[PDB]
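Start counting the sequence shown at 37; every next residue gets the next number (this note's numbering). Where is the CB? At the ideal position from N, CA and C, for every residue including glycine. Data block below; observations after.
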Amino acid sequence: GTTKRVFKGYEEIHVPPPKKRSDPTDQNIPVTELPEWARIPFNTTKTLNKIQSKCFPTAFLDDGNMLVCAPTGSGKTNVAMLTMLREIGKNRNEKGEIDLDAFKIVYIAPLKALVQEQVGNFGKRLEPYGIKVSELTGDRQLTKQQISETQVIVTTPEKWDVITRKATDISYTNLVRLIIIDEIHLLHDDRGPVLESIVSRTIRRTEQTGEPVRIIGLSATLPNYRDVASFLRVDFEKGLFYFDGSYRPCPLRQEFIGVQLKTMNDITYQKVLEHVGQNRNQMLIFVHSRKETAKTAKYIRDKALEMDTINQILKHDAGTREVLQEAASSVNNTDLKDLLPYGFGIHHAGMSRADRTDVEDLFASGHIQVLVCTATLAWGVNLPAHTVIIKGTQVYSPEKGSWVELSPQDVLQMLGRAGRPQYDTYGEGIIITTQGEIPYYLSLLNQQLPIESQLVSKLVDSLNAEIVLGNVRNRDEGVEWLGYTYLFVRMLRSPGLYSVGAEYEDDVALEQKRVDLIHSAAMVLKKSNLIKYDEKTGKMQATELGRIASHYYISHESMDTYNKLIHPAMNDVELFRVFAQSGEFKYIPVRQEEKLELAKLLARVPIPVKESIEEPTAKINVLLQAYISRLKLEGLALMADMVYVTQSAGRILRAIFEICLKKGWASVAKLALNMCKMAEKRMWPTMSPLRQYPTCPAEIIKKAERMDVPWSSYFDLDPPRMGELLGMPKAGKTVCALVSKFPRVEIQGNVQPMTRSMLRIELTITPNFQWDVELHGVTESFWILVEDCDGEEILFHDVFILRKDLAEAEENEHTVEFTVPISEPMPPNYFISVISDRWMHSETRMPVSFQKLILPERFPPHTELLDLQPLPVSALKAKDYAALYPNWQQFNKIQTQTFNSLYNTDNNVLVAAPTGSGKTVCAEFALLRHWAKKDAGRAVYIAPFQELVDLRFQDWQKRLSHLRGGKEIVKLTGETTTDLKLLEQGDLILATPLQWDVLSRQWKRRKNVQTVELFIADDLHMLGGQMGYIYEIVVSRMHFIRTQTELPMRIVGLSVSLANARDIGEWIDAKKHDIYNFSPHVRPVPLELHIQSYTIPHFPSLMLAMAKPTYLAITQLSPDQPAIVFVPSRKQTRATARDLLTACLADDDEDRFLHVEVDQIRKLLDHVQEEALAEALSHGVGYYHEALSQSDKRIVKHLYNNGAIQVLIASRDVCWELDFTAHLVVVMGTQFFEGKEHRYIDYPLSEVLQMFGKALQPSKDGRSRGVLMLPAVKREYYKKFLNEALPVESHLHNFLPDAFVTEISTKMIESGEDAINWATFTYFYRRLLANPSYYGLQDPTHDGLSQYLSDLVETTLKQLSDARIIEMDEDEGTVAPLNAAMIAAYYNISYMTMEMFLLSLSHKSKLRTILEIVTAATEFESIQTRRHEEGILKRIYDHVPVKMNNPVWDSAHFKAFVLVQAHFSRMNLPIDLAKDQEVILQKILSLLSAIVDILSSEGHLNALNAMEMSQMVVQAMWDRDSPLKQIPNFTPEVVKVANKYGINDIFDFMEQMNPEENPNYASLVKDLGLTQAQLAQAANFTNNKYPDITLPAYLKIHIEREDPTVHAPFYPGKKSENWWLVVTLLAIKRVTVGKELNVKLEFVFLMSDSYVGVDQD
Ligand SMILES: Nc1ncnc2c1ncn2[C@@H]1O[C@H](COP(=O)(O)OP(=O)(O)O)[C@@H](O)[C@H]1O
Ligand SMILES: Nc1ncnc2c1ncn2[C@@H]1O[C@H](COP(=O)(O)OP(=O)(O)O)[C@@H](O)[C@H]1O
Ligand SMILES: Nc1ncnc2c1ncn2[C@@H]1O[C@H](COP(=O)(O)OP(=O)(O)O)[C@@H](O)[C@H]1O
Ligand SMILES: [Mn+2]
Ligand SMILES: [Mn+2]
């Protein structure tokens, strides 16, 4: 068939196009009448093509991966469309809309032009669905992350591979459920390994976890289609489609020409003559250089100008000849293209998009006959031509430095443009090349070039990536990975061309081959320090250097050289030298033709180049410099080499910068970041910063750079002063805008010395620049650096992100808390710098001076843990006391050392020992001595949190209620009138600090408070906890009491190992020998503690990343013992359960943590209330968090203690309530997000010690284990305070208003001098002398201390008087409460909430007003905010009548405002939001009664609507509503059925449905549809639950009735029914009603609190 024709110079080979052969089988194309949802994208077509026909069934129904092969222009993108359509249908409602946050789809294309054309096409075609298609482009992660918040994303393989390597977007990467790979034949190219890595890791994860993501490959007509088909896991019967060149819509005639190359130009000119003059067909030529396009076009046109052949090519129509040049030459800006009046065109992507679209539209209209172009036009257009001419096939690739043949994908995409199907009946594709290249391209176009792997050239690096991801931990996992690559599939079959060696004859699945290959790669990876490699165990772990080598594409050799060369004294010269030394440019040669220009270029550059002027290193150096300087280069190969160098520089310089940053070298790090910016913005630091603005005209830059005004003098100016300073009035308004948007930040810093060697710094960053999305986007990144006074070492570094929402708000400031070490010969100062990550000259630098800093007191040694004889239980002189400890014959080493002081002495005692040592038995020693006394006074045990008092009560009530004739052990409750009688009725009272506070406030009254003889303060360190200031207050008040009354009162305190136990001891007035402060290493079961650091800036990605390491920790450190994993939130608890279950699925052991057969557990599993918890427990994991029901918690506890399940995942919010024990404790998170400040706050050391204190189960070696996973920045912090004792400091100085409100409500404090003596009884006062700088004390003198206390009490009294809570008589200097601190202390609401409650009474308060004012209380601001819980709040807000004045969607105020209304409307809620609603309902009643009393204090009578709202929220109803909602099972439709019968109130309902009365008993029972039991419950409510009985000039009132509780099944716990007495309206009285009452009120409306519609008028 092929005709060979030999000529003078060239040898033509014509291959005839095979016949269409399109109707041997009558495969009628589908009608494309699909459902209504899958038709709108196919706008301009009614019939699918022949290719899409056989793919439509599998595409639209079958989910399996597939691969189609066809010629270019055949219709593959439409089968990819069909796959996207099956997915959109998957995410579509029956007839409703589509949830677009549930799924993502990724389209991978080889070049940028194709991704842009594809994003445009798919945007147009998918816009009616609301789907937003976007291109994954950024120079920054801040752009790519926001681009990952879209539905379908189009990207290149390199960008996708690099965003997956960073692992900082896994939270969204997991949401992809479909991937399309266009032009897979790239696998043959040197970039194929990127595709290999992508698909290998994706398919491996899918086959491990079972989470399906569809893979569809669209390749070209090629031989090895079955290889890549199996490599994509497609079914050869149902997923593999292959089509001949006859399935091409326009058959392609192929002639090959082979010829140093002037004959090529002559042949192109003669073919232009033949095809445009004789055949009159427009044609396009493809060349491989932007300048060579116009070079060849100019040659052809000049050759046509001579010999007078131009009139054959030229069109002579009066229209074309007159319109073409008029609309093109007069409107073109390209000087070299301006030669287009002769029908010629150039299109090489180095021209304006305006000129580009003009050329394209002109070629489409038929005005251009010869269009010469680059490969950029081949990819991503819709411009076909009859004749395409690939002029030349050799191109320069600066990677290898040698001339390389053209990529086989470019020639195919080019020849695809040959022959427009609608106009032409055939196309012509010609390839001009050299003779020797003829057999290469022929076989390529005639389906004979096979695809081979190039992974061997990039294996090592790629392997390292899989190791940095945590996907490859050992050689076996690496072999599993390498078993999914294309190299493996190409090794299995046809291994001869690969130098396998043939020694692996019996290698069944090439297992040993992959093992050997991965070991050989990991050896080189280990030598270069990119990885730790256990050569024998097979274990391997990535390093920080390997992480840098993976996140950026840096080669292993280059990273090795960077590690070898970089040192802290490095300058800009040596930095450029290290850059040019990189191995990416070693093939780039220095040529003789380059020297004449290289000498000049080196003369121009500013940085000295010391290498030999003729060495490649100097060439690469001067190339980078000259690119920075924006020098014009008249050299072709030189320009190509520079383009390559500068494309690599972006990653090379960032890798160098991160290396310097992680080595702690400050100067080199800042210099490397500045060089990064130099190459990114293409400017030197000595040029004008205005060069960073693209819209800034060059005139301004030149004027500025010819000036000497420093950059800082541009800021804080207006347009007139700006123009005056700049010397250009016209520039005034312009430049002032640009500078106004330059990233600018003001910083402040506060220093508190935690210890003598570690300071804590609070940095306050406030942005000071106008935001603009064109150059800022939505976020702006910064670096926070902390340096020595010498600028030598980096003491702290982190990233700091400005969000556009947070940077534009009124409350504009951000806070950042960190810790830095310090040496006792203190340095003069530290430095803090906030430096932009992309902008140049954007740095705010602040000194932190230490001349005023005073370090805390040295710590004294811990008390020696003496080696005593373990005292037997018989040392107790009672048999019943010894029976309290069954089967115990001794006590531990610390219980015997405190025994004499606690059991034989009534002195005050302090015991400080690690968690889990047994301090409860010390408290029991004290209690046993107390109860031995015949008097046996009352004892009071206090614990920081109700969880702890409950755990203690459940134990002591069953173990000690039988001693010495029986003791009454009680625990307090919320309100006062009941636990006040529990105090008198009991001998041992357990309480929380606040509960006992409300009782000890009434001392010198309520005689039963002084009689307390024993006071146990457990977990005393928690005085520095969440609400620890009230704890400090109550213990100091007990001391003050036992000072006022002279009766003896013992105090015994228990805490974890302290660093400052002297002050806590002397505080409770304990003697020196009674203060036991043991080392934090004396725990009876030692604790092997591992620490893992994580450099991951995205929180969900960090959690997902830690997921698998904790599985490894559990399976390797505690393989046959229970483990407990703590997690930052209850929301993340189920997520971590699922992640750990999937990690179990990764190995072929799904029930790894399940030991008992599931059938025994099945009952409890059925009884689990949460379906996710039941699914987890089904496979032996389970979890525990505050939203769980009591039954769920008890089931989880029964399952974990019995050993049926091995792991237990608990949120950090339940670590005090968790009555569990493990051999291994994992601390996954160290931070938790607090929605109040929009930031992550660190775990307080208190709860880390608490969580690790549950690792009490030992092993063979007699020790327990813990692991602590944290961000790197935090490691040295926690590590420190896990090897040393815990410093406890007071925060009473930060809550003095809320303490004085209670000390002034009672007349304890009555003046300023009356408050200093109160402060002297506190722990804060004793701490002021030991750590004065922590609290702001300047001089450590009695004068200074007393003056500081005076200033503090005066500013607290000022905050209170300015808030209108107390009268402050400044003359006498006294204070008094004014009818508002009473309410505050009675309901214990915050003082800031009290001041906020002043906004009422202005005009007056209404129902809709009070509903909004209550939820604004600060108590609800503590409620957690789960990220991305918006929308489910807006949907609820749209379904409630009363609206907010100004919505703030992420505000806890708006959250409470909406949830209260959802409670009124009985709207269902998800579990976590329902828990938040419960928490709100717990306090809304207290807040509402406080508001009632506040309104009653003045004249206004809006408080009545507040009482109505109280009864509303009790009954979950609205103000105006049918009371029948209170009746059980009365859905709104039943209320409608009742209203149809004439029922309006519960009274009228009770009067109806009575046999022989109102004869509707027949139809009413039938229409209500209620069962007999529902009617019985309704009768239960209506009979004796809903009330029925009703009732200075003084008044007298009576009331009677026909009792214990209130019927309100939608409210957690409600005190018995109360009543209001309301006669600018004055009188109020609040009393409970029982059976009968007679009360007379004196004045100068009978309302309820729990039921509606019962109101005397
Ligand atoms: N069923 C059809 N009816 C009409 N035109 C079609 C049909 N299928 C594909 N085309 C057109 O054929 C051209 C080939 O484009 P495309 O299919 O995206 O490239 P490829 O064939 O390389 O996937 C497109 O411009 C498209 O509009
Ligand atoms: N490095 C940082 N600097 C400042 N704020 C941060 C930083 N990281 C997170 N934040 C805060 O946390 C929120 C982002 O939470 P996160 O889950 O980490 O990212 P995402 O925005 O993807 O949810 C932002 O509102 C931001 O204010
Ligand atoms: N002398 C002892 N020998 C063995 N186990 C003990 C001893 N004292 C306490 N325990 C165990 O310690 C657990 C409780 O420790 P706890 O008293 O809470 O210590 P801490 O209060 O310091 O956390 C109990 O389960 C108990 O069995
Ligand atoms: Mn394609
Ligand atoms: Mn304890």
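According to the neighbour-count rule (16 or more other Cβ atoms, all chains shown, within 10 Å of its Cβ), is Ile649 buried or exposed? exposed
Looking only at its chain, what residues have a beta carbon closer than 6 angstroms to the beta carbon of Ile1352, apart from the 5 residues adjacent to it on each side? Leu1385
Can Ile1245 and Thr1169 be called in contact, C-beta distance under 7 angstroms? yes
Where in the stretch 349-402 do unbroken runs of the beta strand (DSSP E), each at least 3 residues long, occur, reported from the N-terminal end onward? 380-383
Going by alpha carbons, who is nearest to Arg1637 out of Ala1614, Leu707, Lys1671, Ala1663? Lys1671
So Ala1179 and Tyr1147 are in contact, right, with Cβ under 8 angstroms, and what is the actual spacing, rounded? 4 angstroms
Just the C-alpha distance for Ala639 and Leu811, rounded to the nearest angstrom, thanks. 35 angstroms
Cβ distance (whole Å) where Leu442 is taken to contact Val424 below 8 angstroms: The pair is not a contact, with the Cβ atoms about 14 angstroms apart (cut-off 8 angstroms).
Who sits around ligand 4, taking every residue whose Cβ is closer than 7 angstroms to one of its heavy atoms? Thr108, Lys112, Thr113, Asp218, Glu219, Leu254
Where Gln1692 falls: helix, strand or coil (DSSP): strand
Please confirm whether any heavy atom of ligand 5 lies closer than 6 angstroms to the CB of residue 1750. Nothing in the structure corresponds to residue 1750, since the chain is present only between 37 and 1693.
Kindly indicate which residue of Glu232, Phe961, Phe895 has the alpha-carbon position closest to the one of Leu491. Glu232
Write down every uninterrupted run of the alpha helix (DSSP H) in the stretch 46-119 whose length is 4 residues or greater and which is fully enclosed by it, in chain order. 86-96
According to the neighbour-count rule (16 or more other Cβ atoms, all chains shown, within 10 Å of its Cβ), is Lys713 buried or exposed? buried
Hey, how far is the Cα of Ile736 from the Cα of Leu222? 46 angstroms
If you follow the alpha helix (DSSP H) that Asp1398 is part of, which residue opens it and which one closes it? 1378-1398
Pick from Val1232, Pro71, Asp205, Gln1551 that is closest to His1203, judged by C-alpha positions: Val1232
Determine the DSSP secondary structure at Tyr588, reduced to helix, strand or coil. coil
Skipping 5 residues on each side, what residues in its chain have a beta carbon closer than 7 angstroms to that of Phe139? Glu123, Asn127, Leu211, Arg213
Give a yes or no on whether the C-beta atoms belonging to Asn936 and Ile1087 are separated by under 7 angstroms. no
Between the stretch 306-319 and the stretch 54-74, do three or more beta carbon pairs fall short of 8 angstroms? no
Where does the unbroken beta strand (DSSP E) through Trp1656 begin, and where does it stop? 1654-1657
CB contact flag (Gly294, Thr470, <7 angstroms): yes
Exposed or buried, what is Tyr1112 when buried is set at 16 or more other beta-carbons lying within 10 Å of its beta-carbon? buried
Since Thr934 contacts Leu907 with CB under 8 angstroms, what's their CB separation in whole angstroms? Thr934 to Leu907, Cβ: 11 angstroms. No contact.
Taking a contact to mean a Cβ-Cβ separation below 7 angstroms, would you say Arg780 touches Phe818 in this structure? no
Pop quiz: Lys655 and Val626 are said to be a contact at Cβ under 8 angstroms. What is the actual Cβ separation, rounded to whole angstroms? 5 angstroms
Only counting runs of 4 or more residues, tell me where the alpha helix (DSSP H) segments fall wholly within the stretch 944-1004, in order along the chain. 955-968, 982-995
Classify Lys86 as buried or exposed, calling it buried when 16 or more other Cβ atoms lie within 10 Å of its own Cβ. buried
How far does the alpha helix (DSSP H) with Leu1365 in it reach, from first residue to last? 1359-1366
Any heavy atom of ligand 1 closer than 6 angstroms to the Cβ of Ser748? no
Range of the contiguous alpha helix (DSSP H) that encloses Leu1181: 1166-1182
What would DSSP say about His221, mapped onto helix, strand or coil? helix
Counting only runs that start and end within the stretch 224-257, where is the alpha helix (DSSP H) found for 4 or more residues in a row? 228-245
Counterpart residues of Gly1302 in DSSP-defined beta bridges: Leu1125, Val1261
Delimiting residues of the alpha helix (DSSP H) encompassing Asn1616: 1608-1620
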